[PDB]
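Letter by letter, the chains look like this.
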Amino acid sequence: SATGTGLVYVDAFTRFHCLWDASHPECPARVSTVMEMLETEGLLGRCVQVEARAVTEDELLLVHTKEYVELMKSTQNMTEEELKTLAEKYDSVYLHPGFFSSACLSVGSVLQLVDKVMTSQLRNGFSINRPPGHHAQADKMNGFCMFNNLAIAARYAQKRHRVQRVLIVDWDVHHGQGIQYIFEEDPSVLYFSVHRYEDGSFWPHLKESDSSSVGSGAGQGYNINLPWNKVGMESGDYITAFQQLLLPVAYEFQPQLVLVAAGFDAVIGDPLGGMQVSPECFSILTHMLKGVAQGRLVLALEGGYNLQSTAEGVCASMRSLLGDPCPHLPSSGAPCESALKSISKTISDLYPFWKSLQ
Ligand SMILES: CC(C)[C@H](C(=O)Nc1ccc(C(=O)NO)cc1)c1ccccc1
Ligand SMILES: [K+]
Ligand SMILES: [K+]
Ligand SMILES: [Zn+2]
């Protein structure tokens with residue numbers, strides 16, 4: 001219904017895994033545990049089940065090159081040896097005979113929710129999809145990603161639904177450099193990423209993940225990086241960043257759709273992220289994004305590798321999508337010194353482009 005929260009999940013999302021590393025963190029259990037907890041918590045039944053669809057070539061070509069799409073399509077017929085040889089041409093990816101099919105459904109799941117939200121058939125929605133997308137680039141896989149789910153969804157919203165301005169909020173612990181690159185010169189898609197950085201020590205080790213990368217050309221000012229340079233950030237660090245930096249800019253930008261790269265590798269317990277964000281924080285962060293774009297908010301799963309922590313973070317976000325009052329958080333909400341240093345530096349780099357920051 002018009003006030004409902006959509007949810008997309010298909011079994012195909014479990015039908016690929018790393019053939020040569022049984023301990024690989026990006027695994028089918030990521031999504032099945034999310035679905036099991038959504039059901040256990042009674043949240044799944046409160047959502048509107050939305051069918052997935054496979055992305056089309058023309059939709060992929062909004063972001064990706066024809067040669068790359070064709071190469072990825074050809075992986076469905078490769079032997080394990082051929083898949084490994086190709087995967088090793090990229091940074092931090094594996095391949096599997098079912099990867100391409102699942103990746104196409106992963107993109108399409110987001111597009112389905114964009115359709116329902118933009119036409120007011122639903123208020124908001126969440127795709128419980130893998131593979132993730134935010135590292136994928138125009139002509140290459142990267143960081144467990146084949147196709148850039150949210151970058152495609154943003155250009156799709158603009159082409160099909162005629163949206164003028166899209167905000168992408170990326171709270172995964174990693175920098176979505178793929179999204180940054182795709183929209184580098186584009187003022188119609190504002191990209192905000194908060195991520196572990198540690199002066200480049202943390203993957204993907206890019207100079208352009210620092211706050212000095214503000215976009216270029218017509219896009220100058222429309223790329224905002226908030227790099228953390230110490231581990232152990234908590235809910236108060238994220239909430240403060242949203243209150244001091246993201247919300248003022250978002251209201252000035254006046255987006256017509258908000259897409260969230262909803263990774264949960266910053267949650268306490270993640271084996272890679274190094275952060276200490278409570279899952280309940282994501283109820284608050286989700287709530288803080290519902291006040292722009294008429295609440296037209298679509299979350300899509302990115303990273304998050306502790307099965308329980310990621311499922312808890314998804315559930316906390318879903319409670320806010322469904323309109324349940326936010327929980328009290330035990331901490332005061334005050335940030336640590338390192339977080340404040342990062343927030344202040346990002347504001348210093350972005351102030352020449354946002355009246356709300358001056
Ligand atoms: C070697 C290490 C640097 C690498 C790695 O951590 N990659 C990586 C990339 C993206 C995300 C993510 O969640 N992005 O949003 C998470 C992890 C890796 C590769 C294979 C098996 C384990 C670890
Ligand atoms: K991020
Ligand atoms: K941009
Ligand atoms: Zn991540």
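Residues numbered from 1 in each chain as written, not as in the entry; some residues may be left out. Chains lettered and ligands numbered in written order. Heavy atoms only, no water. Residues with missing side-chain atoms left out of burial classes, pairs and counts.

Structure determination for this PDB entry is given in the record as X-ray crystallography, at a resolution of 1.39501316141 Å.

Asks: Explanation requested: the side chain of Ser-109 in the structure shown.
Replies: One can find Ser-109 in helix 5 (residues 99–118). Note on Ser-109: relative accessible area 0%, which makes it buried. Excluding residues that lie within four positions of it along the chain, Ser-109 makes contacts with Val-8, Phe-13, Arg-53, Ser-127 and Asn-129. (Helix = DSSP H or I, 4+ residues; strand = E, 2+ residues; numbered from the N terminus. Buried < 20%, exposed > 50% of the residue type's maximum accessible area, 1.4 Å probe, protein only. Contact = heavy atoms within 4.5 Å.)

Asks: Quick question: what am I supposed to make of the sheet that holds strand 6 (residues 223–228) here?
Replies: The pairing of strands in a sheet comes from backbone hydrogen bonds and takes either a parallel or an antiparallel form. Taken in spatial order, the 8 strands line up as 2-1-3-8-7-4-5-6 in an open sheet, and their pairing is parallel. A strand with exactly one partner marks an edge of an open sheet, and here the two such strands are strand 2 (48–49) and strand 6. The pairing of strand 7 (residues 257–262) with strand 8 (residues 297–301) spans 5 bridges and is classified as parallel. By the bridge assignment, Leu-259 is partnered in strand 8 with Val-298. (Pairing = 2+ DSSP bridges.)

Asks: Sorry if this is basic, but what is going on with the coordination of the potassium ion (ligand 2) here?
Replies: Within the protein, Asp-170 (O), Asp-170 (OD), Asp-172 (O), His-174 (O), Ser-193 (OG) and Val-194 (O) serve as the donor atoms for the potassium ion (ligand 2), at 2.5 to 2.9 Å. What the 6 donor atoms of the potassium ion (ligand 2) show is an angle range of 68 to 164° at the metal, which sorts the shape as irregular. Each donor residue of the potassium ion (ligand 2) belongs to the same chain, and together they define the spacing D-x1-D-x1-H-x18-S-V. Taking the relative accessible area as the measure of exposure, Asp-172 reaches 0% and is therefore buried. Taking the relative accessible area as the measure of exposure, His-174 reaches 10% and is therefore buried. (Donors = N, O, S within 2.8 Å, 3.2 Å for Na, K, Ca; no water. Tetrahedral: all angles 85-135°; square planar, octahedral: opposite > 155°, others 65-115°.)

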